[PDB]
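One protein chain, two forms: both are listed below as C-alpha cells, the first as structure 1 and the second as structure 2.
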Structure 1
C-alpha cells in the first residue's frame, strides 16, 4: 500500500520530541489546517533488500493496517500517514501526559489506584483481543496518560510496532518484545496468541502493586530464564499488606501454559476487578 508522498512539513509544524524507539522517533506536531496537535512517528525504512537497519515495508504496513482499524478510548488512533524515501511518518493521536513508566517512577500504588489504571488497560486489551489483535509489547512504557495531573489519569495503549492479527488462534513468526514482560511461549519460540498479552498484564499488575519486577535478573538471559521457569514470588516486604485477591489475579495470569491462563474476558469477571532479546 502506498501512502501520501507530499512533504509532511507542508501540512504540519513539528515541535518537541516525545520519545524514541528502536524503529522510530516521535515528535509533537500541529496540523496547519486545523491547529490540532498529534504525535508524528517517523519510522526509518529499510534501505536494501537484505538490510538489518530500518523497518521492512511488510512490518510498517502491518502496524499501519492495525492502527487504521482501531477506534477506542483506551488505544491511540491513526490520523494520517505520509512517506518519503527515508521514512514512513504516522500521524498519531497525541498522548501528552507521559508514560505510565514515568508516572510510576515519580511515585508504588494503592490497590484502588492500581485498579483504576488496570481496568482501563483491560478495557483497551478487551477491544484489541475482540478484533483478534495481539499487542505483543504491553509494558508500562507503552501505557501513556492523557493528563498526569488528575487524581485518576485516563490512559491509552501505544506502540503497535509488534502487534499482529491472529487469524488461527496462534501465529508462529517469532515476535519478541521486552524480556521482563514477555510470556514463556515467547522465550521458548512457541506459537503465540492473545494469551501472551495476558501474561504481560500479570507482570504489569505485579509492578503496579509493588514497584518491583517479578522476573528481572541481572542480565537479559537471566530474566528470560526466570520467565521460562515461572521464577517469581510475592515478597512479603512488598506484598504483606496487599490483598489476597490481588495476588490471586496475578497468580492466574503468570501461568506457563497459555491455555490455563485467564483470558481477557476472564480477567474482567475476576472478583478483584468485577464491579531485541540479546545483549
Structure 2
C-alpha cells in the first residue's frame, strides 16, 4: 500500500497511447527532471467490492510488491507508482521494439542457432525469477518484448506480472487461469500450481518459435483445453522437417503432463540444445 499521492502530471509529460486492455492503458511519458522516457500504465481501480469493472487492490498490491523485488536485464523494471481516486499508475521501463515474434516474422529465414540466442534470453529471465521463487504464470509470446529492434543484438524484456505469485512453501496454490493455448494442464484441471507451469509455457513458446504453428490451439476454446489436458500435440513434417532432434527433445522434456517430470529451469539451461557439450 502507501503509493505516491502527487499528481503524475506534475512529474511527467504523457503522450500517445501505446496500447490498451480490459482495465488498462499504457502511454509513453517523459520524466520532467531527467528527460528520460518511460511507459505509464494506468490501471483502473475496482472502487466497490461488488463491481466487476476495475482491478482489486489485493491484485495490484501483489503485482507491485513482486515488481519492486526484481532487478534483471531480461525482466521489465518498475520505476515509480502513483495513485489517484480512480487509477494506480505504474511508471515502467519503456520497451520500443514491440513483440519479439512480430520482429522475427519480418526477417528472412532464421536459423535454429539464431532462434536459440533469443530463447536463451527468455531462459535467463525465467532462471532469475524462479531463483527468487516467483512464478510468472502468464508466459506467452505477446509478453516477450524487445527493448530496441534497431541494434546488433536486440535485448528481450519479460513483461506483465498480473498473475505472478510468490511460491509459498506451506500452502498449495490452485487456479490462475491465463490464456488456454499457453497454460499447463494443472491450470486447466485446477490442480496444485508451482514453478513448473512456466516451464510448460516455455515449451509452447519454443514450439511456436521454431515452427510458427501453435501446438495445442484447436477450433474452439474447449478443444484447446482438451488438447492441453491430454497432451495431444505432434511435430508435423510440414512444420518441422528442418528441425533438429535436439530441439525436439527439448520441447518433449517440457511438454510433460506430470509437473514433477518436467524439466526445471536449471535443467533447461544445461540441455545439449542450449549448451552444446
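By rigid core we mean the largest C-alpha set that fits within 1.5 Å across both forms. Positions refer to the first chain, counted from 1.
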Candidates 170, 132, 84, 77 - which moves between structures 1 and 2, C-alpha at least 2 Å, core fixed: 170
Rigid-core frame, C-alpha of residue 149, shift of 2 angstroms or more between structures 1 and 2: yes
Post core alignment: residue 269 C-alpha displaced by 2 Å or more between structures 1 and 2: no
Residue 11: Cα shift of 2 Å or greater between structures 1 and 2 (core-aligned): no
Per-residue Cα shift, residue 247, between structures 1 and 2 [Å; core superposed]: 0.2
Between structures 1 and 2, how far the Cα of residue 102 shifts once the core is aligned, in Å: 2.4
